[PDB]
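In the entry's author numbering, the protein residues as written are 5 to 289, 304 to 910, 938 to 1174.
In this text, a Cβ means the ideal position worked out from N, Cα and C, and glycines have one as well.
Heads up: the structure comes next, in structure tokens.
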DNA sequence: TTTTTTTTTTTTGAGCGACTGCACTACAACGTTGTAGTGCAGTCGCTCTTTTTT
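Listed below in structure tokens is the structure:
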């Protein structure tokens, strides 16, 4: 490998950057981005400068892409300022300014990059794949709109259940017995094959033939057993082997156990006494007959139906899942990669790759250790060897810890074998040089510490600015790495975990007890800082040991937080308390639910309070009244107003904040309230939200929004964090109590050392088990390097002679089977004294060891402080007056028109029929039939309706007898919308008396009550028309449900006007028409131009009665001026 | 077409592998007897990671 300079890197072809842990990878990416933008490098530069929309940056994590986009924007702005000023304070910016000759063109290009920074092509992998699938949809064959699903486990379980239905149901008893012996149901099969159903389907080594079913394999194994049974029945009754001292004389009893075994071939499990009939075991305890060799050949391979069922499941479930996702039209995260790989797999899609070479002629791929083989196949299809396009794989093989997710280091090894150039970052800017020297000493004990040839380790160099970092104790300067070797010969798992958790808690309380007195310090040069509880962090791997650490730390009065806690908030007691409270609010009549909800910990009442509440009837009546008020608020205002009124009236938030340990409960209550308010807007019914809350209580599924948050941020807590959640973070002091605990992989799923393909071995071959255990040990070594390279000042290790084997004292320990002991014991099996000598061999100034001391003196000291006085400002007046833009409604034989259905929708249909129809032209029956087809009414009503319309049109509506046919198109105006202002507070008592002073219809009609309305009033007049130089108004009322006879005279219409209070509407219409004719027509008189207002009841118009149906009214011409003066001011 | 009423939970780990004790034969020392290796049976620890992508 070679060293990497960001200003001398040739951006041609494929380059492989190996950025170590703690190095400035994001700074090197920003430097290369500025280099690609400005076109710097000279001979090693790009042939042409590129824009922002041509630089493709690929990073997996979305927050990492957002941080990189913000950092690149800040670097662009800083370089633009430094180019406008021709000076800077950074040496890399100084060399960047020294590399360019021109300043004005570079400043203009940086200004255009700052303006085009919003359209930057810095996306994720799946986002880039979705964008390329949606952009060039023709060559790929992708839909334009698709629905991404977050959870795929439901369809996978459905396809597994369908496979178990179509495969395990028609089996006979002799096969279903073996199927039940292999798996209890489809859940066990799904639990077995869930690591192979997702992602790329692996290639099965030595697959069964396509014509072999379960019955053929069962008959083959039955015949194989029956041949051995026949050979035992033929050669029975003889004994010719020599009797040995190990061979007891009870073997004939084992032959009797083999005498009762040959009865039927309905079973599947042979006897263990056949292990006594092996020639390789009898020779070690002279076998000449081939019956023993046939028994050994029968027991050479396990008789199992498991591999054929697993192959049929892997052939069926994935196909059913793909068919279901093609039917529903949905897509997944890996489905975008599979669609892009299938598009590039075709012949025309290669030209599509050239389109990608037309789109972005560069690629900088960050985090190349988390690369699927489909992703690298795509990136090799696009950017293998084409000119003028560059590929920059910036990654780290020592951080590939996501093999459980789908990543694979063999893809990185294939990429390293394919590319030619390698570059590495030498400087480390995070940790102290003592920790750097400890890491370079521990991992360089032997050659190829990661046990693979393509993953080399290089000694990194510490920073010059961080060479004075010292974690000092009361005695002297504490060393960097302190391997706490637990003393003993052999120990178990739980006892070792408990002892190391107690030792870690004792070290935490010793660092915190001496840290609050100014003894233990972090010193940078001469500056010092006391060690708080947030500096010490325990790095664990599993949830059980994290709970063990938390229980061993909370015993010594030390609070600790769990950063890797992914538990749902709906699985706590507070969700059940909120459910009980909502059930008491919804049904407050039954006292049982209210009594069960009042006694919860959210209310916080004693047993004496509950007894006095059951005894006193008046207090329970007050409780029922306030819960009915809460139900009224919940039905009128929603969820969060009811919850806030409940938390303010009961004052339970102050009581939960006063109680120690109730702040997390209060934050959980607030998050449950926020989720209930978020789910309550999408539901109309009130019980539906309660059923949704009970379902989400019964469903412990984890979503990104429904997870538990951090309870507090100001108070420092000991942060327990897993190794996978600590990648890229930073911690001052790190404790690793369970770094020696290891787990042996049992399944045979490995990768070939030549083809680099996933090989799944269904047979229990030892070579596949060893090749899987080698990859497991490499993953454990990578996890060890990740957990080791996160400390800055001090790291502590827990070493112990852990034995995974069940024997207590066997003379050897299994530390060589772990990751730490492979570096301590140099990959050799030793003893506890050998482990101690290997620990004491590598003793430097940075690496020390001490024995594990079990002992506690005192938990802690609280040292609490008082809280200052604080108050809240109060608003003096009301926030606003009653300003609202409202309307009039806000201030308030077989076929006949009498038999018309009375409703709002038929009223609007008749209003639209009278609006759309022309009054001059005769009514056409086909137009009425088309309008009834568009509306959806009956077709039989059409020939009666049109003649009724003509009966309406033949009836004149005027004091002189003017019909509607005499009105031209310019004279009419339909649906005039007006806005009327009013600046005074509209008093109902001052208005109703002014109406009753002039209007004769206000003799009855007691006055309506409304608030003071100041602002605007909307109105929609139906028709305004002029005739012989006089303006007239026309409105339509068509409900008229209660009349079928000719009783709709002027008295009944006046009674309807007094009941529905249309007098105010007609008076406002006259005022609006008067103001309109005053504003429009100059020299306007109200008595000269206005003629009256006509109300047209549609169901009251008769052919013989011209007066019935119409209602003409004229004001007194004195109410209009007073109403205008009142509305004006 | 009308109408009657009711308050009680319960269950749930099992195969893998060692520890220990008894019994039975092989074999050598003193026909009979003591020690060792192996098999069978009851009892008990233990144990089942990590996470994020529009």
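- Beta-bridge partners assigned by DSSP to residue 6: 441.
- In the displayed model, residue 869 falls within a strand according to three-state DSSP.
- Taking residue 215 as reference, the option from 329, 556, 160, 180 with the minimal CA-CA separation is 329.
- With a cutoff of 8 Å on beta-carbon distance, residue 265 and residue 276 are scored as not near each other.
- The segment 1097–1104 makes no contact with the segment 982–1002, as fewer than three CB pairs between them are under 8 Å.
- Of the candidates 385, 189, 766, 189 places its Cα closest to the Cα of residue 165.
- Residue 1060 has 1027 as its beta-bridge partners, per DSSP.
- Between residue 816 and residue 758, the C-beta gap is smaller than 8 Å, which places the two residues in contact.
- The C-beta separation of residue 664 from residue 674 comes to about 13 Å, leaving the pair out of contact by the 8 Å criterion.
- The beta carbon of residue 179 sits closer than 6 Å to those of 218, 222, all from its chain and outside the five residues before and after it, given in chain order.
- Residue 880 sits exposed, since fewer than 16 C-beta atoms from the chains shown fall within 10 Å of its C-beta.
- Residue 22 has its alpha-carbon roughly 27 Å from the corresponding atom of residue 55.
- Our two residues, residue 5 and residue 433, have alpha carbons roughly 15 Å apart in a direct line.
- Counting only the Cα atoms, residue 150 lies some 54 Å from residue 1121.
- In the three-state scheme derived from DSSP, where H, G and I count as helix and E and B as strand, residue 164 is classed as helix.
- The segment 788–801 and the segment 843–857 do not touch, with fewer than three beta-carbon pairs separated by less than 8 Å.
- Boundaries of the alpha helix (DSSP H) harbouring residue 1037: 1033–1043, taken from the DSSP string.
- Taking all protein chains shown into account, residue 943 has fewer than 16 neighbouring C-beta atoms within 10 Å of its C-beta and is therefore exposed.
- Contact between residue 37 and residue 59 holds: CB atoms are separated by about 6 Å, below the 8 Å threshold.
- Residue 973 places its beta carbon 8 Å or farther from that of residue 955.
- The Cβ atoms of residue 775 and residue 207 sit closer than 8 Å to each other.
- Setting aside the 5 residues that flank it on each side, residue 1039 is surrounded in the same chain by 1164, 1167, 1168, 1171, each with a C-beta closer than 8 Å to its C-beta; the list follows chain order.
- For residue 252, the secondary structure class from DSSP, reduced to helix, strand or coil, is coil.
- In this structure, the CA atom of residue 894 is about 44 Å from the CA atom of residue 589.
- In the DSSP annotation of this structure, the continuous segment of the beta strand (DSSP E) that includes residue 816 starts and ends at 809–817.
- In the DSSP assignment, residue 576 falls outside any beta strand (DSSP E), carrying neither H nor E.
- Here the segment 380–393 makes no contact with the segment 183–201; the two share fewer than three CB pairs at distances below 8 Å.
- Inter-residue distance for residue 81 and residue 61 is about 19 Å (C-alpha atoms, whole angstroms).
- Considered as a whole, the segment 514–568 harbours 539–542, 545–548, 554–558 as its complete beta strand (DSSP E) runs of no fewer than 3 residues, in chain order.
- For residue 71, the enclosing alpha helix (DSSP H) covers residues 66–89.
- Residue burial annotation: residue 872 is exposed, with fewer than 16 other C-beta atoms found within 10 angstroms of its C-beta.
- Where residue 784 is concerned, there is no enclosing beta strand (DSSP E), although the alpha helix (DSSP H) around it starts and stops at 784–806.
- Judged by pairs of C-beta atoms under 8 Å, the segment 800–817 touches the segment 448–457, as three or more such pairs exist.
- Between the segment 555–574 and the segment 689–705, the count of C-beta pairs closer than 8 Å stays below three; the two stretches do not touch.
- In the same chain as residue 791, and ignoring 5 residues on each side of it, the C-beta atoms closer than 8 Å to its own belong to 762, 763, in chain order.
- In this structure, residue 735 places its C-beta atom within 8 Å of the C-beta atom of residue 577.
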